[PDB]
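As structure tokens, one chain now follows by itself in the form deposited in one PDB entry.
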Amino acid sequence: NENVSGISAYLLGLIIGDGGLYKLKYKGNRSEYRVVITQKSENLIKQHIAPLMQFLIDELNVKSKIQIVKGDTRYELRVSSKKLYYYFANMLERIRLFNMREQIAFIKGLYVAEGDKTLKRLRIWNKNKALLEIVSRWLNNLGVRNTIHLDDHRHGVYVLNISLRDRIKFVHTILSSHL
């Protein structure tokens, strides 16, 4: 709807990237379901990310608050919502069936989260190789050549390197898409 689907895919890229989906068990039988995006800067969160999450929450009739919690090392945007937790967890599941619009939005969010930011090089870091392999195939379909290697042998972190030969296509189509 597809204001919503595009924004959803983008937020998921931020959540998977910078972020998390948590199902918590307490005593008892208490529980909590969290959608989380963390980020160093309060401004990026408050003026860019939160209004996107708020739009989605309103559109989904989710009754939960957007919480912004200050940590010692970063800010946390958090929505405590069973319904939103499952919306994103099922979407993730999910992810191979994304259309072109959701593909581009997801990759954009994932790059904002896990991205080389100078743009001198175009690189995405993640330990989830299968996720990078999905993104690699999508990028190939969009004709951005790319390679995946184990970058950090210490922590098992993969890099997806976007070929600078296809830099203009990647930055124009994905990273500065008006979609």
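Start at 1 with the first residue shown and count on from there. Take the two forms, find the largest set of C-alpha atoms that superpose within 1.5 Å, and that set is the rigid core.
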{"property": "159-167 versus 7-15 - which carries the larger mean C-alpha B factor in the record", "result": "159-167"}
{"property": "32-40 versus 47-55 - greater average Cα B-factor per the deposited record", "result": "47-55"}
{"property": "Selection from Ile148, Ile124, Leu142, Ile134 [criterion: highest C-alpha temperature factor in the record]", "result": "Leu142"}
{"property": "Chain third (lowest, middle, highest) by recorded CA B-factor, residue given as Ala113", "result": "lowest"}
{"property": "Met100 - which third its CA temperature factor falls in, relative to the rest of the chain", "result": "highest"}
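We do not show the form deposited in another entry, though everything after this point is about it.
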| item | value |
| --- | --- |
| Flag for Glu59, CA shift 2 Å or larger between the shown form and the other one after aligning core | no |
| Core-superposed C-alpha of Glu133 shifting 2 Å or more between the shown form and the other one | no |
